[PDB]
């Protein structure tokens, strides 16, 4: 049962490192960790420059560092097509993780 905690998650600075802690994942599955936002209804765009892949361990956990930015160039789809700029002080952004099947979780973050 996926659950995630992002610390810290509010009053963040541009270029700040946060820790993403997840539990209840499937051991051995690769999860994509990243900062994302809804760019268009039904379309999520994320920062491909700061995203990373981590395999969940035998306990179904992942603990990863992620650098977040108050504005980023979002990529959409599986081929990573550039969409454009996302400003997280105007739209809601999140940090979280998900597998290729969409299993995962995310937490909304805010910048100072």
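Positions refer to the first chain, counted from 1.
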Look over 81-89 and 62-70 in the entry and identify the one with the greater average Cα temperature factor.
81-89
Residue set 17, 101, 14, 94, per-entry CA B-factor max assigned to 101
B-factor third for the C-alpha atom of residue 49 within its chain
highest
What third of the chain, by the recorded C-alpha B-factor, contains residue 39?
highest
Taking the values exactly as deposited, rank residue 7 by C-alpha B-factor within its chain and report the matching third: lowest, middle or highest.
highest
